Structures are given as C-alpha cells and as structure tokens.
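Undergrad: one piece of my complex first, more on the way:
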Amino acid sequence: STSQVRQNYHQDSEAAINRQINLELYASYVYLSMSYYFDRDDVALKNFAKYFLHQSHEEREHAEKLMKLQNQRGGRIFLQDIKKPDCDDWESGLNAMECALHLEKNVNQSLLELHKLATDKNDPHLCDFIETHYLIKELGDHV
C-alpha cells in the first residue's frame, strides 16, 4: 500500500522518476566509456578524458539526487539494467561527440517531459525540483 510520507505524488511521476534514474545512470555509463576512449594511446587526448570522467561522475551524482527525491516523496525505487552504450563507430572522434549530443538532448528532454507531467499533476514541489535539476544540467557549466 501507501508510504506514510506520500502527498500529492502521482504514480505517473513515481514511474517517470524511475525512468530518469536509469537514464542518468545510462548517461553516466556512456560518458565513462567515452572517457576511456580518449585515454587509449590510439587517441591520447588527456583533456577530453579528464572532461568526460568528470561528466560521468556528475551524471551519477544527478541520478542519486533523483533517488533521494523518490524516497523523500514516498515513491519506491526500482532499478533496471544499465545498458552498455550503443554508439558503435568511434574511429572519428567526432562520432563520439555526436553520441554525447544525442545523449544530452535525450536526457534533458525527458526532464522537460517530466516537468510537463509535474505541471499537469499540480505538484509544485516536483516542478521546482526539475527546473533546478535542469538548469544545473544546462547552465551549471557557466555560473
């Protein structure tokens, strides 16, 4: 049945949170793979390796913030497999960039979708959360 702390928390969102959790975990895994792509002698770009190892950790940090929110609102966390990343051709280093481009847009979009859902269901708490979480993603790199 229902957790004692649950208020105004729709079950659709509980499910969408869980979806975004796995997605950020996926994004973490992808960045991680991208990092060690640039680490190999065949490539040997230490700057990029530095960057994506940082991006990987931030995504996982973002994932755990979602998890903390779930338990906070009363929802329940169901973890799924973290799929090995599907971007194949890293021969050019630009295809790797293209991978991240689609990954970012996807991750950011689901957040936006998660926000419309939050607005539909009249949950102000969840709306404030996503906005922050989102602006941090896009605008965290600046100030």
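TA: Nice, thanks for sending it over. Numbers count the residues shown, from 1 in each chain, chains lettered A, B, ... in the order given.

Undergrad: Might you report the residue contacts of residue A:69?
TA: Residues near residue A:69 by CB atoms under 8 Å, 6 or more residues apart in numbering: A:17, A:129. Using the backbone N, CA and C atoms, a C-beta is placed for each residue, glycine as well.

Undergrad: what distance separates the helix or strand containing it from the centre of its chain?
TA: Using DSSP states H and E, residue A:69 sits within helix A:46-73. Here the centre of mass of C-alpha atoms in helix A:46-73, compared against the chain's by CA atoms, centre = their mean, to the nearest Å, lies 7 Å away.

Undergrad: Quick test: name the residue nearest the centre of chain A.
TA: residue A:24 (2.5 Å; CA atoms, centre = their mean).

Undergrad: burial of residue A:129, as a residue count?
TA: The local packing of residue A:129 (other CB atoms under 10 Å) involves 20 other residues.

Undergrad: try residue A:74
TA: 14.

Undergrad: ok so, going back, so the residue nearest to the centre of chain A: helix, strand or coil?
TA: At residue A:24 the chain is in helix, as set by DSSP: H, G, I helix; E, B strand; the rest coil.

Undergrad: then add chain B to what we have above:
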Amino acid sequence: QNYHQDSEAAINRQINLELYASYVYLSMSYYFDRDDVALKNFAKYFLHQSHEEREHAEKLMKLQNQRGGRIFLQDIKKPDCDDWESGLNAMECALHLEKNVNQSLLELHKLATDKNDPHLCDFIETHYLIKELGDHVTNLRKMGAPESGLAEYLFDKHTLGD
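TA: Putting chain B onto the chains we already have gives this:
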C-alpha cells in the same frame, strides 16, 4: 476578480494553520518536560519546531501586507489533546498535522501562480519535515515503542541528541 480576495483569504487561512501547528508543538514539548515523562530531547525537538512554525506564520503575515491584502486573524484553537501519551504518538500526530497543513499550503500555491513564487521555499521545507517525521516514526516502531520505555529513552538520546 475573486482572485485577490480568494488568495488574501487562503493566506489568512494558512496563517492560522501555521500558528495552530506552533501551538501544537508547544504543547507537545512541555508534555515531555513533565516529570512523569521526562524526555528532554523530545521536548527540545518540538519547541524548536514550534518556533519554526511561528516564524513561518510571521512570514505569511509580512506577505499579506506586501501584497496589499488585509490580515484577518482567527482564534488559535487549543490542540486536540493535552496528554500525548508517548513519543511515538506525538511524532505520529505531527506527521499527520504536517501533511494536513501541507495540503492547504499546496492549495495556496496552485491558486497563486505568481511570478514572485514567494512561499515555494517553505513548501520545499515541509517536505523535508515530513520525510523526517516518517523516518522518526519508523525508527521508534521498530524499536518497540510505545510500550517499551527503553526504546523511547534510547531514541531521545541517540537520535534526538545529534
């Protein structure tokens, strides 16, 4: 527009609710001060929170005046009971109360839809308080409260000391 008088009332309603909660936690605190109860950190916990709720209410009054509204004060009702029976009970009631106060608080937001969004910060705070009280209820239960006086003793020390 009924909006201005709808909100000015929803504010006045929320003001009396936060004052109510203030009174409630005030009662709870001194329940743990009495010598047949004698849990000092339960007492501290609620007196602190009682002051939190009072601060919230004063902020809402400053808001009303900021927005040009008029403050209509209502009586502050004595809380349901003066004997709270146990720490787990008092936590359980507070869990209930915060959820009910959060209810109207939410109603307050959906009706406003400000550019200013002033009270959203206190709305974020209530959700922390809720998760905490649930956390606290959960722990007292698994420890054997209310019937085990030891459990509440060790909780007063180990959880509510730090």
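
Undergrad: What about the neighbour count of residue A:129 again, now that chain B is present?
TA: 22 (other CB atoms under 10 Å in any protein chain shown).

Undergrad: Now do it against chain B, distance only.
TA: Counting by CB to the nearest CB, to the nearest Å, the separation of residue A:129 from chain B is 8 Å.

Undergrad: In which helix or strand does that residue reside?
TA: Applying DSSP H and E, one finds residue A:129 within helix A:124-139.

Undergrad: so what does that helix touch, helix or strand wise?
TA: If contacts are counted by 3 or more CB pairs under 8 Å, 6 or more residues apart in numbering or on different chains; DSSP states H and E, helix A:124-139 sits against helix A:46-73, helix A:94-120, helix B:87-112, helix B:120-143.

Undergrad: Put the alpha carbons of the last one into PDB.
TA: Provided in PDB are the C-alpha atoms of helix B:120-143 (Å, rounded to 0.1, in the frame of the first residue of the first chain):
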ATOM      1  CA  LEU B 120       7.900  27.900  -2.600                       C
ATOM      2  CA  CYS B 121      10.900  27.800  -0.200                       C
ATOM      3  CA  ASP B 122       8.700  26.900   2.800                       C
ATOM      4  CA  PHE B 123       6.900  24.400   0.700                       C
ATOM      5  CA  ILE B 124      10.200  22.700   0.000                       C
ATOM      6  CA  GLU B 125      10.900  22.700   3.700                       C
ATOM      7  CA  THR B 126       7.700  21.000   4.800                       C
ATOM      8  CA  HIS B 127       8.500  18.000   2.500                       C
ATOM      9  CA  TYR B 128      11.800  17.600   4.400                       C
ATOM     10  CA  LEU B 129      10.000  17.800   7.700                       C
ATOM     11  CA  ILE B 130       7.500  15.100   6.500                       C
ATOM     12  CA  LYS B 131      10.200  12.700   5.400                       C
ATOM     13  CA  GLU B 132      12.000  13.200   8.800                       C
ATOM     14  CA  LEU B 133       8.900  12.600  11.000                       C
ATOM     15  CA  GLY B 134       8.200   9.400   8.900                       C
ATOM     16  CA  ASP B 135      11.800   8.400   9.500                       C
ATOM     17  CA  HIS B 136      11.300   9.100  13.200                       C
ATOM     18  CA  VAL B 137       8.100   7.200  13.500                       C
ATOM     19  CA  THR B 138       9.600   4.300  11.600                       C
ATOM     20  CA  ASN B 139      12.500   4.100  14.000                       C
ATOM     21  CA  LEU B 140      10.500   4.200  17.200                       C
ATOM     22  CA  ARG B 141       8.200   1.500  16.000                       C
ATOM     23  CA  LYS B 142      10.900  -1.000  15.000                       C
ATOM     24  CA  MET B 143      12.500  -0.300  18.400                       C
END
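
Undergrad: add chain C to the structure above, sequence below:
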Amino acid sequence: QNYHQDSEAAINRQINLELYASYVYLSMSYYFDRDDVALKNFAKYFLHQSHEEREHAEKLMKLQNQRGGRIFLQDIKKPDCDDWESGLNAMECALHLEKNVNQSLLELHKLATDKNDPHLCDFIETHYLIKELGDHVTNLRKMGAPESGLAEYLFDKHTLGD
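TA: Time to bring in chain C:
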C-alpha cells in the same frame, strides 16, 4: 598467445563485476534511505562502498588501456532484488558478493603473473572488506537481528557512526 586475449578478457570481466557491485551497494544504500527503513548510517556505509567499487572499476579500465588491450563493455545488470529486508540481510549479501568478486579477482591474478603486479593492492583491500563484513554480520546476529529492530538501530549508531 591466447594470454593477451585471455587477460584482456579477464580484465573486461572484472570491470563489469566491480561495476555490478557498485550498482548493488547503490541499491542497498537507498533501501536504507526510504522512510520505512530509515537507517542513515547503513545508507552512508553502502554509498561509500559503492563509490569504492566504482573507483576500482575505473582503475581497471585505465589498466586495460595501459596494457594495450581493448575495453569491451557489457550491460550492468540490475541487482538480484530491490528490497533487502534488513540490515543484517544486506550485510550478508554483500559478504557473499565480495567473496564471489574476489573469486574472479583471484583468477585474474594467477593468470597474469606480471612483473608489474598492479592490482595486488586492490586484492589486499578486498580481504579487509571481507573480514569487516563478517565482523558486521557477526555482531548484528548476536544482537538479535533481523527480528529485533532495536539491534539494527543500535548498530547503525554505535558501529556505523564511528
């Protein structure tokens, strides 16, 4: 020599295992974050260890590239269960898991026989973790876990606080 492709695979295998353990302890942690469990130091303990296992995996990836191998990533399987039932259970599972991970890790060493002996330090570390989890299981049991919620409460404080 199959050796280079045998090791490059044993590495790729160990990488996915450490990532797996990372996922496992991550799940365990937030199990203790939920309000029907509410053990903060159990949660901290596993989140820390989850990060340890992730660090281990990244090191193994840097090794693979150092040795000229190729990293073949595999899916990270969801852990066996999402409800760990109790602190003693979660410790017991982790004890099992570290022993299984240590198994292949050992296989990894006997197959290498390097001059460099790189991973021997992390091999030494797993044996500390094993003795610790055993120590932790042992203590929760003698205290009356899982069925005594008090035991796990006092363990969360006195053992996992310091």
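
Undergrad: quick recheck of what packs on helix A:124-139 now chain C is there?
TA: Helices and strands touching helix A:124-139, by 3+ CB pairs under 8 Å, 6+ apart, are helix A:46-73, helix A:94-120, helix B:87-112, helix B:120-143.

Undergrad: what residues are up against residue A:21?
TA: If you count contacts by CB atoms under 8 Å, 6 or more residues apart in numbering or on different chains, residue A:21 has them with A:63, A:66-67, A:70, A:77, A:79.

Undergrad: could you dump those residues to TSV with neighbour count?
TA: Shown next, in TSV, are the contacts of residue A:21 (neighbours: other CB atoms under 10 Å in any protein chain shown):
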residue	neighbour count
A:63	21
A:66	24
A:67	23
A:70	22
A:77	21
A:79	21
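
Undergrad: ok, and of the residues you listed, which contact chain C?
TA: A:67, A:70, A:77, A:79 (CB under 8 Å from any CB of the partner chain).

Undergrad: Check these and tell me the two furthest apart.
TA: Within the ones next to chain C among the contacts of residue A:21, A:70 and A:79 form the most distant pair, 11.0 Å apart (CB to CB).

Undergrad: need the residues of chain A near chain C, please.
TA: A:3-5, A:25, A:29, A:32-33, A:36, A:39-41, A:53, A:60, A:64, A:67-68, A:70-71, A:74, A:76-85.
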